[PDB]
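The structure under discussion appears below in the form of structure tokens.
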Protein chains: 2
Amino acid sequence: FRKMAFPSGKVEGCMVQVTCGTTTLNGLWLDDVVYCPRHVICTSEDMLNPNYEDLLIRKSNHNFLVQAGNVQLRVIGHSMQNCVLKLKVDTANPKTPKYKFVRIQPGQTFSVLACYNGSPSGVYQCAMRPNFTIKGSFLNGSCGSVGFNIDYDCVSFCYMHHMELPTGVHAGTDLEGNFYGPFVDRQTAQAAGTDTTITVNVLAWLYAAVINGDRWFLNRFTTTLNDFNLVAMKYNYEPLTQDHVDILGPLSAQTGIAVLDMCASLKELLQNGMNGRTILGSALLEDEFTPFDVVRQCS
Amino acid sequence: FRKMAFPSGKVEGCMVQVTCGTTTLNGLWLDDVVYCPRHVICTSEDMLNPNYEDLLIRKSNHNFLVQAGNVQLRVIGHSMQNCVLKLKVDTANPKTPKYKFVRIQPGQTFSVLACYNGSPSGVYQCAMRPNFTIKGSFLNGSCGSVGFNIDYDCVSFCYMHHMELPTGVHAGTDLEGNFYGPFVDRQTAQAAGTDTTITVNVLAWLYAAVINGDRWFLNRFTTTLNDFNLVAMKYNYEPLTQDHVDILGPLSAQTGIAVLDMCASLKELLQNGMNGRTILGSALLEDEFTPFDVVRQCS
Ligand SMILES: *[C@H](O)[C@H](C[C@@H]1CCNC1=O)NC(=O)[C@H](CC(C)C)NC(=O)OCC(C)(C)Oc1ccc(Cl)cc1
Ligand SMILES: *[C@H](O)[C@H](C[C@@H]1CCNC1=O)NC(=O)[C@H](CC(C)C)NC(=O)OCC(C)(C)Oc1ccc(Cl)cc1
């Protein structure tokens with residue numbers, strides 16, 4: 001059982017380079033529009049406290065250099081939507097996949113295609129944390145890299161990368177430019193509050209452990225939803241609900257282990273630790289696989 | 001710092017479906033040749049102890065059904081090379097990337113494009129273990145999935161998937177059909193011997209930890225190559241060598257931490273454990289990032 005990303009090919013063909021002045025980052029080219037973070041228009045002396053409206057007023061279509069491979073695209077319009085720019089170009093991307101824009105929920109997962117200079121460097125899987133950050137791997141030049149899911153042949157874009165927080169975690173927007181969480185695109189100290197553990201995902205991963213033969217942490221106790229949650233709260237775990245219980249249905253069925261039984265084993269792990277043992281090769285409790293991810297992978 | 005795979009698009013366009021009888025698995029379509037595991041010709045009653053030469057003698061070109069999307073390809077020749085079949089087809093793949101076949105060394109890493117029915121399902125990063133197994137995620141139908149590295153625009157194929165061992169780890173071949181390790185493609189119990197930890201990779205990951213601000217495990221001791229290795233052997237770690245020390249050069253330089261100093265910290269971690277703390281978000285010592293991987297990711 002592995003952290004598995006979606007195949008990235010459909011997204012690779014949408015990545016372009018966008019330069020304004022000496023600032024370069026990545027853009028996403030779908031039909032005749034290129035989407036990118038609006039801070040492409042900032043100089044380093046603007047990033048402390050930009051007035052983006054005023055900055056963009058000094059920019060014309062020809063100040064945006066958009067490059068797809070060795071091919072410069074012609075910008076024929078521009079507008080700002082929340083924290084993203086939309087650059088209308090004179091060529092529709094011939095590689096545009098079937099796609100939609102979605103705003104994901106916290107606790108859900110997606111794949112990131114990390115890019116530099118409009119060129120893909122690598123792919124990995126991320127969760128939107130309950131505090132609306134992601135634990136990514138991003139350097140200078142990575143902004144405009146996107147996160148996505150694939151359903152059949154349709155790419156659902158859900159994330160565009162903008163910034164790193166002082167804790168080393170990452171923040172960004174949906175493809176309409178609205179940040180996940182309370183963040184703003186300016187280079188000031190910003191707090192993500194307390195993060196919490198995605199309880200239903202830990203359970204899904206414990207189920208995945210059982211499916212893959214790892215069963216040592218199972219005990220002979222059970223518990224109640226309200227009793228467990230009294231333990232969840234203690235550990236900054238999200239409360240569990242019947243919808244969670246139901247979502248776990250397929251896994252609880254494949255394994256014959258009641259969700260509340262699995263909860264009792266989780267309580268003991270939270271209380272007693274793992275005694276130097278491992279679960280699916282990890283010595284910590286993993287919360288960045290959804291139930292769907294586990295079903296998808298073990299099917 | 002994340003387990004990061006290569007972008008998979010160039011490989012996605014090489015995957016096809018190969019059926020012989022009711023056995024279906026994946027093939028790799030490059031120029032006018034499709035490569036796949038030879039056990040595609042086995043029935044379930046053949047897999048216990050196949051005579052592949054005899055089995056293949058009863059097969060003709062038209063018994064191999066090769067499908068790329070909705071498109072059946074015409075097989076015009078077939079031959080067996082070690083544990084792979086080469087099916088000559090009448091159409092050269094128009095999506096063939098620049099490519100080579102390489103036999104990787106143990107301790108090196110690569111990306112796996114896990115496929116079913118010739119369709120990519122997901123991508124993840126693997127190391128060739130010192131005992132020539134990989135810790136993958138593979139189900140029935142995944143054989144013929146490949147592992148690769150990308151250098152610039154050139155895909156270096158290094159692995160084709162064939163089998164799971166009783167321990168749950170995975171074995172397969174290079175693209176000439178020669179198994180990594182002592183394995184044979186028959187459904188009998190086979191041992192991978194003792195695995196060992198890839199010492200230079202653990203050090204590279206400790207360097208990656210330091211680069212990313214995690215420094216608690218550093219101590220004020222140093223050691224000798226021979227003294228450390230007396231500790232390495234104790235823990236089934238690979239011995240460290242000057243070539244390893246030199247390969248770590250760039251990281252030792254970026255950090256100002258002598259390799260033998262980092263070795264002394266590693267010795268203490270092996271001896272004293274991690275006292276419930278974490279390094280790059282892991283509570284175990286990670287050995288599936290090479291020095292190159294760490295340089296690539298932190299650059
Ligand atoms: C866009 O490519 C870049 C991505 C971050 C750089 C470091 N790791 C990232 O994910 N985003 C920014 O630089 C962003 C622009 C603001 C206008 C929102 N600033 C930001 O993320 O500040 C946090 C710090 C740690 C200061 O990030 C860095 C900024 C500049 C440099 Cl040279 C290094 C880090
Ligand atoms: C090829 O798609 C398949 C891949 C393994 C299936 C289970 N996980 C794998 O990686 N390879 C085989 O089935 C292989 C064929 C032999 C001719 C070499 N047999 C094999 O791997 O045996 C090990 C076991 C655990 C028996 O694998 C399974 C075989 C069949 C089935 Cl239905 C389930 C598991």
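The figures here come from the full heavy-atom set of this structure, side chains too, leaving out hydrogens, waters and symmetry mates. Chain A is the first sequence line, chain B the second, and so forth, proteins listed ahead of strands; every chain is numbered from 1.
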Can you name the residues that form a side chain to side chain contact (heavy atoms under 4.5 Å, CB included) with [X], not counting sequence neighbours?
X: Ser142(B); result: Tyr116(B), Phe138(B), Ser145(B), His161(B)
X: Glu164(A); result: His170(A)
X: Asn178(B); result: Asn82(B), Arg103(B), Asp174(B), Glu176(B)

Are [X] and [Y] close enough that some pair of their side-chain heavy atoms sits under 4.5 Å apart?
X: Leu280(B); Y: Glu286(B); value: no
X: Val202(B); Y: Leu269(B); value: no
X: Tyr159(B); Y: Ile104(B); value: no
X: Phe1(A); Y: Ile211(A); value: no

If I take atom [atom1] from residue [X] and atom [atom2] from residue [Y], how far apart are they, to the nearest 0.5 angstrom?
X: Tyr52(B); Y: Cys83(B); atom1: OH; atom2: SG; value: 7.5 Å
X: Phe148(B); Y: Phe110(B); atom1: CZ; atom2: CZ; value: 10.5 Å
X: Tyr237(A); Y: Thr199(A); atom1: OH; atom2: OG1; value: 7.0 Å
X: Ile257(B); Y: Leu251(B); atom1: CD1; atom2: CG; value: 10.5 Å

Verify, without hydrogens or angle tests, whether [X] (side chain) and [Y] (backbone) share a donor-acceptor contact under 3.5 angstrom.
X: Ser282(A); Y: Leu284(A); result: yes
X: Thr290(A); Y: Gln108(A); result: no
X: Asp214(B); Y: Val210(B); result: no
X: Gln190(B); Y: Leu165(B); result: no
X: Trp216(A); Y: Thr278(A); result: yes
X: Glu238(B); Y: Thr196(B); result: no
X: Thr133(A); Y: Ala171(A); result: no
X: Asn201(B); Y: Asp287(B); result: yes
X: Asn229(B); Y: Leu240(B); result: yes
X: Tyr235(B); Y: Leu270(B); result: yes

Partner residues of [X] under the side-chain hydrogen bond (donor to acceptor under 3.5 Å, both in side chains) criterion, sequence neighbours left out:
X: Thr241(B); result: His244(B)
X: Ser111(A); result: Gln125(A)
X: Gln105(B); result: none

Give a yes/no verdict on a cation-pi contact between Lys3(A) and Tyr124(A), requiring under 6.0 Å between NZ or CZ and the six-membered ring centre and an angle within 45° of the axis. no
Note: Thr109(A) and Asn149(A) closest approach over all heavy atoms is O-ND2, 3.0 Å
According to the interplanar angle, ranging from 0 to 90°, do the rings of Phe183(B) and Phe179(B) count as parallel (below 30°), tilted (30 to 60°) or perpendicular (above 60°)? perpendicular
Using the test salt bridge (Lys or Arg N to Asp or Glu O under 4.0 Å), find all partners of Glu12(A) that sit at least two apart in sequence or belong to another chain. none
Side chain to side chain donor-acceptor pair (under 3.5 Å) for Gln297(B) and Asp293(B)? Distances and angles first, verdict last. CA-CA 6 Å; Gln297(B) 192 168 154; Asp293(B) 295 338; over 6 Å; no
